[PDB]
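The chain that follows stands alone, in the form solved without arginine, written as structure tokens.
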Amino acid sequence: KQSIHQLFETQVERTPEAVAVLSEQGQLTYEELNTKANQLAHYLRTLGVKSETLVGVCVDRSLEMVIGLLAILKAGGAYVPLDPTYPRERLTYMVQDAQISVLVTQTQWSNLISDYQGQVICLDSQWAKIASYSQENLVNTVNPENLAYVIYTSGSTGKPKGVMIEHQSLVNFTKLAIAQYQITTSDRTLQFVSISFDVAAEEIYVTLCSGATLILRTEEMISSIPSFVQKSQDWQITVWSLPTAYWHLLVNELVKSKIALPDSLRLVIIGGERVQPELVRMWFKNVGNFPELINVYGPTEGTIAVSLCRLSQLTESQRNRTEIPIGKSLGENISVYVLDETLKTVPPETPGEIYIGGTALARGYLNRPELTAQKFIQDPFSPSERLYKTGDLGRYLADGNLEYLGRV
């Protein structure tokens, strides 16, 4: 029975002086991140934030962003990422759809929401007020079935829709991920993606709930591979989490040039696209098996990943096949099925639709009951449970690895 911030709080208890977050603009230890998140959370509580309250977060990547996420969680609310690089109309739509009455933002993003009548907290300008609130951990603000965040994803119907993720599926993912990646207190993880993508949660919580150090990327280091590698080297990053497309760029430029990977880097996690077997062969030819390379798969509706494959552990023959596997379930309470049109399990190598079941599942879509009933289906073979219909085709290989066959 645990929320994501309770996991974080236990870590803070273990290692209060360890560095939690580092950016170009400063750093916070575990104790400092916790106390500041607590101050903001107490404030939020006075603004009426409580379990099930949706709070928008429009912030750039920064120490402030991490404090704000944790503070919203601790207050018992669920955060809705609002990417300040998005146009006004889209952000305003998201704020109206989610009926957000509290917005955590910064002065520079002021005017980004159209005639917003709710409460605004600017983290950069208001910190003196916030420093007047209590630094102590809040208690019992949430249950595991309460929402942690609602993250918007593209609608085919022309508007995006909020995917509602509860603490329990997030905590489950985070614990499975920490064990799978072997994150320890000596790891240094680069935070790469915008929080508008659920992968950022991976980067953030896995890092902070393990006692590792979270390093926030800059805007400049992404612009060229050489700069990305050099900056990573300087920061002694041990874990990269990369969109597959950026990883493709990385392999291309590795081959084109003499660049060596940071000596500190032990793990590269990729996902989000079909991975090119040729680029993988290239990677294994030039890089070898260190750092480890892991391909991760899952929809936002499955709490950020349900399956992984360790690419560095594949035999040459498994690499020379026509598709790089998306592998096996992240854990036992997460089920990844290939099913027929009757929702029946199928024999190996038989193609079918991928459906996800068990603890990974989102609550559903926010304010889209038709789409939710369409996508999240009661399991006829397990009445008390649901399956999420991915729209992904796949098949399980004889060796047990799942293979992605594309979109249905």
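All residue numbers refer to positions in the sequence shown, first residue = 1.
Just so it is clear, the following notes concern the form solved in complex with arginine, a form of the same protein that is not shown.
Trainee: Although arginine is absent from this view, report whether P262 comes within 4.5 Å of it in the deposited complex, heavy atoms only.
Mentor: Output for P262 is no: heavy atoms all beyond 4.5 Å of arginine.
Trainee: Considering non-hydrogen atoms and a 4.5 Å limit, does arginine approach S241 in the deposited complex?
Mentor: Taking the distances in the deposited complex, the answer for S241 is yes, it comes within 4.5 Å of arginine.
Trainee: Determine whether any heavy atom of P299 comes within 4.5 Å of a heavy atom of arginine in the deposited complex, and answer yes or no.
Mentor: Yes, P299 sits close enough to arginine in the deposited complex that at least one of its heavy atoms falls within 4.5 Å.
Trainee: Please determine whether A148 contacts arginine in the deposited complex, using a 4.5 Å cut-off between heavy atoms.
Mentor: No - in the deposited complex, heavy atoms of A148 and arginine never come within 4.5 Å of each other.
Trainee: Quick check on this chain: which one of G162, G76, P81, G271 has a heavy atom within 4.5 Å of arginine in the deposited complex?
Mentor: Result of the distance check: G271.
Trainee: Considering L176, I304, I204, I215, which brings a non-hydrogen atom within 4.5 Å of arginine in the deposited complex?
Mentor: Going through each option in turn, the one that passes is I304.
Trainee: Based on heavy atom distances of 4.5 Å or less, which listed stretch (277-285, 68-76, 290-298, 136-144) is in contact with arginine in the deposited complex?
Mentor: Contact-bearing stretch, as computed: 290-298.
Trainee: Select from 181-218 the residues with a non-hydrogen atom within 4.5 Å of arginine in the deposited complex and write them out in sequence order.
Mentor: Contacting residues: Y181, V199, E202.
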